[PDB]
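Raw data37.txt, compact mmCIF, C-alpha atoms and all ligand atoms:
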```txt
# COMPACT_ATOMS: atom_id res chain seq x y z
CA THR A 2 -63.99 208.70 192.46
CA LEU A 3 -63.32 204.92 192.63
CA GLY A 4 -65.72 202.25 191.34
CA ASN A 5 -65.73 198.43 191.35
CA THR A 6 -64.64 197.84 187.72
CA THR A 7 -61.52 196.50 185.99
CA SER A 8 -61.28 196.10 182.26
CA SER A 9 -58.83 194.18 180.21
CA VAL A 10 -57.49 194.63 176.67
CA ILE A 11 -56.09 191.49 175.00
CA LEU A 12 -52.88 192.21 173.03
CA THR A 13 -51.30 190.74 169.93
CA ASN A 14 -47.60 189.93 170.05
CA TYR A 15 -46.02 190.61 166.65
CA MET A 16 -42.47 189.01 166.47
CA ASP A 17 -41.65 190.03 170.10
CA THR A 18 -41.20 193.63 168.77
CA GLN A 19 -44.75 195.07 168.52
CA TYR A 20 -47.61 194.58 171.09
CA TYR A 21 -50.96 195.98 170.14
CA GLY A 22 -54.64 195.88 171.13
CA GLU A 23 -57.91 197.05 169.62
CA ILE A 24 -59.98 200.19 170.13
CA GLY A 25 -63.16 201.48 168.46
CA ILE A 26 -63.62 205.12 167.37
CA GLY A 27 -66.96 206.70 166.47
CA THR A 28 -70.59 205.62 165.90
CA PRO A 29 -70.61 202.96 164.45
CA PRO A 30 -67.12 202.02 165.81
CA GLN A 31 -64.19 202.05 163.36
CA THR A 32 -61.57 199.62 164.74
CA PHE A 33 -57.85 200.33 164.97
CA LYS A 34 -54.87 198.26 166.15
CA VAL A 35 -53.07 200.56 168.68
CA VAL A 36 -49.91 200.54 170.82
CA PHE A 37 -50.59 201.35 174.53
CA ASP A 38 -47.53 203.54 175.12
CA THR A 39 -46.42 204.78 178.60
CA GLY A 40 -43.67 206.85 176.92
CA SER A 41 -46.28 209.22 175.32
CA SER A 42 -49.62 210.88 176.28
CA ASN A 43 -51.48 211.40 172.97
CA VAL A 44 -54.05 209.24 171.18
CA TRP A 45 -53.68 209.21 167.39
CA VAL A 46 -54.82 207.06 164.41
CA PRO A 47 -54.22 207.48 160.61
CA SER A 48 -56.82 209.80 158.96
CA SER A 49 -58.99 209.41 155.84
CA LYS A 50 -57.65 212.91 155.04
CA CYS A 51 -54.12 211.38 154.65
CA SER A 52 -52.75 211.66 151.09
CA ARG A 53 -52.49 208.21 149.37
CA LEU A 54 -48.97 209.39 148.30
CA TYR A 55 -47.93 208.33 151.92
CA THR A 56 -47.68 204.54 151.34
CA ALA A 57 -48.15 204.04 155.17
CA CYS A 58 -51.69 205.42 154.85
CA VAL A 59 -52.49 203.00 151.99
CA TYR A 60 -51.42 200.11 154.31
CA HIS A 61 -53.24 201.13 157.56
CA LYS A 62 -56.85 201.59 158.74
CA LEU A 63 -57.95 205.24 158.39
CA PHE A 64 -60.44 207.17 160.48
CA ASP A 65 -63.24 208.69 158.42
CA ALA A 66 -65.17 211.31 160.48
CA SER A 67 -67.89 211.48 157.70
CA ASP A 68 -68.95 207.94 158.82
CA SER A 69 -69.26 208.85 162.49
CA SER A 70 -72.44 210.37 163.97
CA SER A 71 -70.63 211.09 167.32
CA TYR A 72 -67.73 213.04 165.77
CA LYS A 73 -67.05 216.58 167.00
CA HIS A 74 -64.78 218.84 164.96
CA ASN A 75 -61.69 220.60 166.36
CA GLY A 76 -59.02 220.89 163.69
CA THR A 77 -56.19 222.35 165.83
CA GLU A 78 -52.86 221.30 164.18
CA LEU A 79 -50.83 218.61 166.00
CA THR A 80 -47.21 217.43 165.51
CA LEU A 81 -45.91 214.43 167.45
CA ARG A 82 -42.08 214.20 167.14
CA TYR A 83 -41.11 210.76 168.23
CA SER A 84 -37.36 210.20 168.05
CA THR A 85 -38.08 207.10 165.83
CA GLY A 86 -40.08 209.24 163.37
CA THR A 87 -42.55 212.17 163.33
CA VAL A 88 -46.38 212.28 162.62
CA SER A 89 -48.64 215.27 162.07
CA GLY A 90 -52.33 215.95 161.57
CA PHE A 91 -55.07 217.66 163.52
CA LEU A 92 -57.28 217.25 166.60
CA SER A 93 -60.73 215.60 166.57
CA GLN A 94 -63.14 214.34 169.18
CA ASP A 95 -65.23 211.11 169.15
CA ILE A 96 -66.23 208.21 171.43
CA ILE A 97 -63.43 205.64 171.97
CA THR A 98 -64.18 202.07 173.14
CA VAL A 99 -61.33 200.41 175.10
CA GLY A 100 -62.13 197.11 176.88
CA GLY A 101 -65.82 197.87 177.33
CA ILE A 102 -65.12 201.38 178.72
CA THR A 103 -66.71 203.98 176.42
CA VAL A 104 -65.07 207.44 176.73
CA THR A 105 -65.42 210.78 174.81
CA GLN A 106 -61.80 211.48 173.80
CA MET A 107 -59.81 214.09 171.85
CA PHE A 108 -57.28 212.46 169.51
CA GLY A 109 -55.11 213.30 166.49
CA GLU A 110 -56.15 212.46 162.94
CA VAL A 111 -52.71 211.86 161.32
CA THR A 112 -52.37 213.15 157.71
CA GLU A 113 -48.53 212.87 157.40
CA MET A 114 -47.26 209.40 158.26
CA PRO A 115 -43.72 208.51 156.97
CA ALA A 116 -43.02 205.11 155.38
CA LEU A 117 -40.14 204.86 157.89
CA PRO A 118 -41.05 203.44 160.36
CA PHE A 119 -44.86 203.13 159.80
CA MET A 120 -44.54 200.76 156.76
CA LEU A 121 -43.02 198.30 159.28
CA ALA A 122 -45.82 199.04 161.80
CA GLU A 123 -48.42 196.22 162.26
CA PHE A 124 -50.44 198.70 164.44
CA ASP A 125 -52.33 201.66 162.93
CA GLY A 126 -51.99 204.18 165.76
CA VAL A 127 -51.02 204.93 169.37
CA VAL A 128 -52.83 205.30 172.72
CA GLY A 129 -50.55 207.31 175.01
CA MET A 130 -50.68 206.05 178.67
CA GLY A 131 -48.44 208.88 179.92
CA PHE A 132 -49.38 212.05 181.89
CA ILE A 133 -51.05 215.35 180.72
CA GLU A 134 -47.66 217.11 181.35
CA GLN A 135 -46.22 215.27 178.27
CA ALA A 136 -49.35 215.70 176.09
CA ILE A 137 -48.94 217.83 172.93
CA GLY A 138 -51.53 220.63 172.81
CA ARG A 139 -52.19 219.74 176.51
CA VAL A 140 -54.93 217.30 175.41
CA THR A 141 -56.36 215.21 178.28
CA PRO A 142 -54.90 211.64 178.10
CA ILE A 143 -57.38 208.72 177.76
CA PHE A 144 -56.55 207.24 181.27
CA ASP A 145 -57.27 210.68 182.88
CA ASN A 146 -60.68 210.67 181.10
CA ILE A 147 -61.31 207.02 182.21
CA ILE A 148 -60.33 207.93 185.88
CA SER A 149 -62.82 210.91 185.65
CA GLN A 150 -65.69 208.43 185.05
CA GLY A 151 -65.16 207.04 188.60
CA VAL A 152 -65.79 203.48 187.45
CA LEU A 153 -62.29 201.87 188.09
CA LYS A 154 -61.57 199.81 191.27
CA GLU A 155 -58.09 201.46 191.50
CA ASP A 156 -56.42 204.37 189.70
CA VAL A 157 -53.78 201.93 188.23
CA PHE A 158 -53.09 199.98 184.97
CA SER A 159 -51.01 196.84 184.32
CA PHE A 160 -49.00 195.33 181.48
CA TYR A 161 -48.28 191.71 180.65
CA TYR A 162 -46.21 190.99 177.48
CA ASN A 163 -45.81 187.30 176.59
CA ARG A 164 -42.99 185.49 174.64
CA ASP A 165 -44.05 184.78 170.97
CA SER A 166 -45.89 181.61 169.64
CA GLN A 170 -52.69 179.91 169.74
CA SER A 171 -51.47 181.75 172.95
CA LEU A 172 -52.22 185.21 174.49
CA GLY A 173 -49.93 187.95 173.08
CA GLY A 174 -50.30 190.10 176.18
CA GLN A 175 -52.81 191.94 178.35
CA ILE A 176 -53.49 195.42 179.79
CA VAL A 177 -55.66 195.59 182.90
CA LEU A 178 -57.25 199.01 183.57
CA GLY A 179 -58.12 199.53 187.24
CA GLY A 180 -55.91 196.71 188.62
CA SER A 181 -53.58 193.75 187.81
CA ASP A 182 -54.06 190.06 186.82
CA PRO A 183 -52.47 187.64 189.35
CA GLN A 184 -52.60 184.79 186.77
CA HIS A 185 -49.75 186.63 184.91
CA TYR A 186 -47.38 187.43 187.83
CA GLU A 187 -45.97 185.58 190.88
CA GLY A 188 -44.21 186.64 194.07
CA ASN A 189 -45.00 190.18 195.27
CA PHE A 190 -44.86 193.58 193.60
CA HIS A 191 -41.78 195.69 194.46
CA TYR A 192 -42.55 199.41 193.87
CA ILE A 193 -40.23 202.27 192.93
CA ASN A 194 -41.58 205.86 193.24
CA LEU A 195 -41.46 208.19 190.23
CA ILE A 196 -38.79 210.90 190.36
CA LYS A 197 -41.46 213.52 189.50
CA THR A 198 -45.13 213.21 188.42
CA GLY A 199 -45.77 213.80 184.68
CA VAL A 200 -43.39 211.04 183.47
CA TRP A 201 -43.22 207.21 184.01
CA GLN A 202 -39.51 207.57 184.83
CA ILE A 203 -37.75 206.16 187.91
CA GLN A 204 -34.19 206.27 189.32
CA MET A 205 -31.75 203.45 188.34
CA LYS A 206 -28.86 202.71 190.77
CA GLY A 207 -26.65 200.70 188.35
CA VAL A 208 -26.43 198.41 185.26
CA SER A 209 -24.22 195.31 185.55
CA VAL A 210 -22.70 192.96 182.94
CA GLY A 211 -21.87 189.67 184.67
CA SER A 212 -21.23 190.49 188.39
CA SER A 213 -19.69 194.03 188.13
CA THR A 214 -21.56 197.47 187.91
CA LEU A 215 -19.81 198.35 184.64
CA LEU A 216 -22.45 201.12 183.96
CA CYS A 217 -24.79 203.66 185.73
CA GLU A 218 -22.32 203.67 188.73
CA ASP A 219 -23.14 207.24 189.85
CA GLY A 220 -26.89 206.69 189.21
CA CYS A 221 -29.10 207.30 186.16
CA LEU A 222 -32.66 207.42 184.81
CA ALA A 223 -34.98 204.66 183.59
CA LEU A 224 -38.10 205.46 181.55
CA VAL A 225 -40.51 202.45 181.84
CA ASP A 226 -41.83 202.47 178.25
CA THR A 227 -44.49 199.96 177.08
CA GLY A 228 -44.37 201.44 173.51
CA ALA A 229 -40.67 200.63 173.03
CA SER A 230 -39.52 197.28 171.67
CA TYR A 231 -36.15 197.22 173.39
CA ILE A 232 -34.13 198.15 176.41
CA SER A 233 -32.26 201.29 175.29
CA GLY A 234 -29.57 203.60 176.68
CA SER A 235 -27.46 206.55 175.41
CA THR A 236 -25.08 205.91 172.43
CA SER A 237 -22.21 206.07 174.98
CA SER A 238 -23.71 203.54 177.49
CA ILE A 239 -24.73 201.07 174.75
CA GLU A 240 -21.20 201.30 173.24
CA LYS A 241 -19.60 200.32 176.59
CA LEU A 242 -22.29 197.60 177.13
CA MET A 243 -21.81 196.03 173.66
CA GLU A 244 -17.99 196.16 173.83
CA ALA A 245 -18.40 194.15 177.08
CA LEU A 246 -20.78 191.67 175.34
CA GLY A 247 -18.56 191.10 172.29
CA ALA A 248 -21.36 192.42 170.04
CA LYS A 249 -20.67 194.31 166.80
CA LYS A 250 -22.50 197.48 165.63
CA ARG A 251 -24.58 197.30 162.43
CA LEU A 252 -26.63 200.25 160.96
CA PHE A 253 -29.76 200.04 163.24
CA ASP A 254 -28.83 197.23 165.68
CA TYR A 255 -25.98 195.24 167.32
CA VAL A 256 -25.35 191.57 166.58
CA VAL A 257 -23.37 188.63 167.86
CA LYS A 258 -22.54 185.46 165.95
CA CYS A 259 -25.56 183.16 166.68
CA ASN A 260 -23.29 180.43 168.15
CA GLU A 261 -22.04 182.95 170.82
CA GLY A 262 -25.60 183.95 171.97
CA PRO A 263 -26.27 181.41 174.79
CA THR A 264 -22.78 182.05 176.28
CA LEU A 265 -23.47 185.85 176.84
CA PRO A 266 -23.62 187.21 180.44
CA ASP A 267 -26.59 188.23 182.57
CA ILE A 268 -27.55 191.93 182.41
CA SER A 269 -28.81 193.42 185.69
CA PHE A 270 -30.61 196.63 186.54
CA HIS A 271 -30.59 197.95 190.08
CA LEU A 272 -34.06 199.61 190.56
CA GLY A 273 -35.27 200.45 194.04
CA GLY A 274 -34.18 197.81 196.51
CA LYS A 275 -34.07 194.99 193.91
CA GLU A 276 -31.82 193.64 191.12
CA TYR A 277 -33.74 192.96 187.86
CA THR A 278 -31.73 190.35 185.92
CA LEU A 279 -32.14 189.28 182.27
CA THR A 280 -30.23 186.25 180.90
CA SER A 281 -29.03 186.00 177.25
CA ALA A 282 -32.30 184.08 176.53
CA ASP A 283 -34.16 187.29 177.57
CA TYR A 284 -32.25 189.72 175.31
CA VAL A 285 -30.95 187.71 172.26
CA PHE A 286 -33.19 186.88 169.24
CA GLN A 287 -31.82 183.33 169.03
CA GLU A 288 -32.99 182.64 165.38
CA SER A 289 -30.30 179.89 165.03
CA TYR A 290 -27.17 178.54 166.80
CA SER A 291 -25.00 178.88 163.65
CA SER A 292 -21.41 180.21 163.62
CA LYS A 293 -22.28 181.29 160.00
CA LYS A 294 -25.20 183.62 161.01
CA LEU A 295 -25.77 186.91 162.88
CA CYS A 296 -28.23 187.24 165.78
CA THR A 297 -29.73 190.58 166.88
CA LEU A 298 -30.10 191.78 170.50
CA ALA A 299 -33.20 193.35 172.07
CA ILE A 300 -31.02 196.29 173.31
CA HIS A 301 -30.16 199.33 171.11
CA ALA A 302 -28.90 202.94 171.45
CA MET A 303 -31.34 205.80 171.80
CA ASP A 304 -30.50 209.33 172.86
CA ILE A 305 -33.77 210.62 174.31
CA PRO A 306 -33.57 214.44 174.45
CA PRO A 307 -33.97 216.58 177.62
CA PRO A 308 -36.03 217.29 179.78
CA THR A 309 -36.89 213.51 179.86
CA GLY A 310 -33.44 212.43 178.62
CA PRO A 311 -30.61 211.46 178.59
CA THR A 312 -32.26 208.26 179.96
CA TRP A 313 -32.42 204.50 179.64
CA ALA A 314 -35.71 203.06 178.36
CA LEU A 315 -37.05 199.72 179.67
CA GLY A 316 -39.22 198.45 176.79
CA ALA A 317 -40.84 195.11 175.85
CA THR A 318 -37.49 193.24 176.48
CA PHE A 319 -37.78 194.20 180.21
CA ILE A 320 -41.61 193.89 180.54
CA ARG A 321 -41.56 190.32 179.10
CA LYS A 322 -39.50 189.22 182.13
CA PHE A 323 -41.28 191.56 184.63
CA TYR A 324 -45.08 192.14 184.89
CA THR A 325 -45.49 195.95 185.33
CA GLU A 326 -48.08 197.99 187.33
CA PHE A 327 -48.37 201.78 186.77
CA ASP A 328 -49.82 203.39 189.88
CA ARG A 329 -51.31 206.87 189.22
CA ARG A 330 -52.66 207.15 192.81
CA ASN A 331 -49.19 206.83 194.44
CA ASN A 332 -46.92 207.99 191.53
CA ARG A 333 -44.95 204.70 191.44
CA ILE A 334 -44.22 201.62 189.25
CA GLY A 335 -44.50 198.06 190.60
CA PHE A 336 -42.66 195.00 189.19
CA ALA A 337 -43.22 191.30 189.72
CA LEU A 338 -41.86 188.22 187.95
CA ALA A 339 -44.11 187.45 184.92
CA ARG A 340 -45.88 184.07 184.95
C1 LIG B 1 -43.54 197.12 172.11
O1 LIG B 1 -44.57 197.38 171.13
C2 LIG B 1 -44.67 198.77 170.80
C3 LIG B 1 -44.51 198.99 169.27
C4 LIG B 1 -43.04 198.88 168.80
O2 LIG B 1 -42.87 199.28 167.42
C5 LIG B 1 -42.63 200.62 167.01
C6 LIG B 1 -42.46 201.68 167.95
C7 LIG B 1 -42.23 202.99 167.52
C8 LIG B 1 -42.07 204.10 168.55
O3 LIG B 1 -40.90 204.33 168.81
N1 LIG B 1 -43.14 204.76 169.14
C9 LIG B 1 -42.94 205.88 170.08
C10 LIG B 1 -42.03 205.65 171.31
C11 LIG B 1 -42.51 204.69 172.40
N2 LIG B 1 -42.55 205.45 173.66
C12 LIG B 1 -42.54 206.89 173.36
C13 LIG B 1 -41.73 206.97 172.05
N3 LIG B 1 -40.32 207.12 172.31
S1 LIG B 1 -39.44 208.20 171.47
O4 LIG B 1 -40.22 209.40 171.17
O5 LIG B 1 -38.84 207.47 170.37
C14 LIG B 1 -38.20 208.53 172.75
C15 LIG B 1 -38.81 209.46 173.81
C16 LIG B 1 -39.47 208.90 174.92
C17 LIG B 1 -40.01 209.75 175.90
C18 LIG B 1 -39.87 211.15 175.80
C19 LIG B 1 -39.22 211.71 174.68
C20 LIG B 1 -38.70 210.86 173.69
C21 LIG B 1 -44.51 204.42 168.70
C22 LIG B 1 -45.44 203.86 169.82
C23 LIG B 1 -45.14 205.51 167.79
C24 LIG B 1 -42.15 203.25 166.14
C25 LIG B 1 -42.33 202.22 165.19
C26 LIG B 1 -42.55 200.89 165.62
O6 LIG B 1 -42.73 199.82 164.70
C27 LIG B 1 -42.05 199.71 163.43
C1 LIG B 2 -60.25 222.46 170.23
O1 LIG B 2 -60.32 221.98 171.59
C2 LIG B 2 -59.82 222.87 172.61
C3 LIG B 2 -60.04 222.18 173.93
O2 LIG B 2 -59.71 223.01 175.05
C4 LIG B 2 -60.52 224.23 172.50
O3 LIG B 2 -60.00 225.16 173.45
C5 LIG B 2 -60.39 224.77 171.08
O4 LIG B 2 -61.03 226.04 170.98
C6 LIG B 2 -61.02 223.78 170.10
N1 LIG B 2 -61.05 224.32 168.76
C7 LIG B 2 -62.15 224.31 167.97
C8 LIG B 2 -62.01 224.99 166.64
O5 LIG B 2 -63.21 223.78 168.32
```
What does the file become when written as C-alpha cells?
Ligand SMILES: COCCCOc1cc(C(=O)N(C[C@@H]2CNC[C@H]2NS(=O)(=O)Cc2ccccc2)C(C)C)ccc1OC
Ligand SMILES: *[C@@H]1O[C@H](CO)[C@@H](O)[C@H](O)[C@H]1NC(C)=O
Amino acid sequence: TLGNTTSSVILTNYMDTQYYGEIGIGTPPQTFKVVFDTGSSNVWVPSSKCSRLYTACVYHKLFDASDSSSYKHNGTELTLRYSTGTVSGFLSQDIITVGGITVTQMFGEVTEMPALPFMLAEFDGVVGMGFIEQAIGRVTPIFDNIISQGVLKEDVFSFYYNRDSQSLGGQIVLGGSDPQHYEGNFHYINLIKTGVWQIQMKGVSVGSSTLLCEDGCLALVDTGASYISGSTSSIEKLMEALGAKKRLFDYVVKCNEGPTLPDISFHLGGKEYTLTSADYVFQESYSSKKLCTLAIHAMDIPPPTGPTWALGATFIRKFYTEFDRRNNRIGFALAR
C-alpha cells in the first residue's frame, strides 16, 4: 500500500566520520542517537541491563524497559558481529518514533558493548536500513514495518551527508528524496540480488587508468560506514599508487602532498563517479611536517556479501543516494 507521506530525519555530522539522527523508544519516549545503516538490518540500542563494567554503557544512553508502558518482552538472545566490533544482548519490542512515523518494532537491547569501538561512538545505537535476508534472528527491519503501514508516497529512502561546519549535518527522507540536496538527474544501478544493498562495479581508476577492478567487482552502498573501503589487496595497490603509507588503522600522506593526489573514479552502471583529493583527504594542514589521513581504508568483508568494496560517507558526501525497495536499485545524483 502507498500513501501520500514523506518523512525526514535531520542528521548530525560528527567530524565527517559519524552521521546520526534521533529516534524515540517507548512510552514516554526515551531518545537515542542512532546510525541509519544500509549495511545492516537490525535495530539496537544500549540496555539498562548492561553491566557498568563496560565503560561504553556508562557513556551512552540506555534503554530502560521498566520506564516504558508500551514495552513487550521477548528476551531471545541476539549477537551482531560487525567486522569493526561485536555487540550482544536480547530482543525486545516497543514503539519507535522516527521522523513522526510511530511504529511497533522489535529491537535488540545490547548488554555487551566493547569499549573498542563504542567509546569512540558519538551515537548510542544503530537502525539497520538493510533487508530481512540480512537480519539476525530474522527480525523484521524497521523500513519493512514502515512500508507495511501504507503511509509512504514511495517505497524508497534517501541519504544526504553534508561536509562538516550552524549548518545541516545531513538528512534521510523516508518515502522519497529532497531535490534541494541534489542536482542533475538520478542515474540508477540495479541490485545484483535482493536482500543486500550491493551493486556491480565495472572498475576503479587512479588518474586516467583502470588500475583496479578490471575484471569487475562488488560495491556495497553502506550509509553506516565512514569510508570507502576495499579488500586489503585492492587498498594496498591503490595506496602504493597514491604514495600513501600504511599506519596501524589508516593510511596517510604528508599533508603538503594532499592537494596534488589524483582523482579516484568508480565505474558504476553507465556512469563514472569521480572523487578529487579534496573529497578523500582529511586536509587538517598543508604542512610537510605533518601526516594527513585518507577517507579510504582496507576492510575484508566476509562471504556471502564479501569480498566487496564499501561506498561509505566519503562517497555519499559527493553523491546524494536513493535506495529504491520497489525496483531493487540504487540511484545517485550530484549532492547540492
Ligand atoms: C557514517 O556514519 C556511520 C557511523 C560511523 O562510525 C562507526 C561505525 C561502525 C560500524 O562499522 N558499524 C557497522 C558497519 C556499517 N555497515 C554495516 C557494518 N559493516 S561491517 O559489519 O563492519 C562489514 C560488513 C558489511 C556488510 C555485511 C557484512 C559485513 C556501526 C553502524 C555499528 C563502528 C563504530 C563507529 O564509530 C566509532
Ligand atoms: C520473540 O519473538 C518471536 C517473533 O516471531 C517469537 O516467535 C518468539 O516466540 C518470541 N519469544 C518470546 C519469549 O516471546
Would you list the contacts of stretch 132-145 of chain A as a PDB file with C-alpha atoms, in the coordinates of the input, taking every protein, DNA or RNA residue within 7 Å and counting all atoms listed in the file, but skipping same-chain residues closer than 5 positions in sequence?
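Written out: part.pdb:
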```pdb
ATOM      1  CA  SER A  41     -46.280 209.220 175.320  1.00  0.00           C
ATOM      2  CA  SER A  42     -49.620 210.880 176.280  1.00  0.00           C
ATOM      3  CA  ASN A  43     -51.480 211.400 172.970  1.00  0.00           C
ATOM      4  CA  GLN A 106     -61.800 211.480 173.800  1.00  0.00           C
ATOM      5  CA  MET A 107     -59.810 214.090 171.850  1.00  0.00           C
ATOM      6  CA  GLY A 199     -45.770 213.800 184.680  1.00  0.00           C
ATOM      7  CA  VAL A 200     -43.390 211.040 183.470  1.00  0.00           C
TER       8      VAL A 200
END
```
Any idea what's packed within 12 Å of residue A:250, counting all atoms listed in the file, ignoring anything in its chain fewer than 3 positions away? Could you give it as a VMD selection string?
-> chain A and resid 236 239 to 244 246 to 247 253 to 257 295 to 298 300 to 302
Nearest to ligand LIG 2 (chain B) by atom-to-atom distance, counting only C-alpha atoms and all ligand atoms, from A:327, A:108, A:319, A:162 |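 Using only C-alpha atoms and all ligand atoms, the shortest distance to ligand LIG 2 (chain B) belongs to A:108.
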Identify, counting only C-alpha atoms and all ligand atoms, the protein, DNA and RNA residues located within 8 Å of ligand LIG 2 (chain B), and give them as a list in words.
-> residues 74, 75, 76, 77, 92, 93, 107 and 140 of chain A
Surroundings of ligand LIG 1 (chain B) up to 7 Å, based on all atoms listed in the file, as a PyMOL selection string | chain A and resi 18-21+36+38-41+82-86+118-119+121-122+127+226-230+305-306+309+316-317
Output C-alpha atoms for every residue in the selection just made, as a tab-separated table (two decimals), in the frame of the given file.
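Writing done, so here's part11.tsv:
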```tsv
chain	number	residue	atom	x	y	z
A	18	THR	CA	-41.20	193.63	168.77
A	19	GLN	CA	-44.75	195.07	168.52
A	20	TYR	CA	-47.61	194.58	171.09
A	21	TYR	CA	-50.96	195.98	170.14
A	36	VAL	CA	-49.91	200.54	170.82
A	38	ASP	CA	-47.53	203.54	175.12
A	39	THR	CA	-46.42	204.78	178.60
A	40	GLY	CA	-43.67	206.85	176.92
A	41	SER	CA	-46.28	209.22	175.32
A	82	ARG	CA	-42.08	214.20	167.14
A	83	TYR	CA	-41.11	210.76	168.23
A	84	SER	CA	-37.36	210.20	168.05
A	85	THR	CA	-38.08	207.10	165.83
A	86	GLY	CA	-40.08	209.24	163.37
A	118	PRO	CA	-41.05	203.44	160.36
A	119	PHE	CA	-44.86	203.13	159.80
A	121	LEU	CA	-43.02	198.30	159.28
A	122	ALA	CA	-45.82	199.04	161.80
A	127	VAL	CA	-51.02	204.93	169.37
A	226	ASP	CA	-41.83	202.47	178.25
A	227	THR	CA	-44.49	199.96	177.08
A	228	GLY	CA	-44.37	201.44	173.51
A	229	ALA	CA	-40.67	200.63	173.03
A	230	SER	CA	-39.52	197.28	171.67
A	305	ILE	CA	-33.77	210.62	174.31
A	306	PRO	CA	-33.57	214.44	174.45
A	309	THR	CA	-36.89	213.51	179.86
A	316	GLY	CA	-39.22	198.45	176.79
A	317	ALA	CA	-40.84	195.11	175.85
```
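Considering all atoms listed in the file, the residue among A:176, A:208, A:334, A:152 positioned nearest to residue A:196 is A:334.
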Closest to residue A:238 among A:312, A:56, A:318, A:8, using all atoms listed in the file?
->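 Nearest to residue A:238: A:312.
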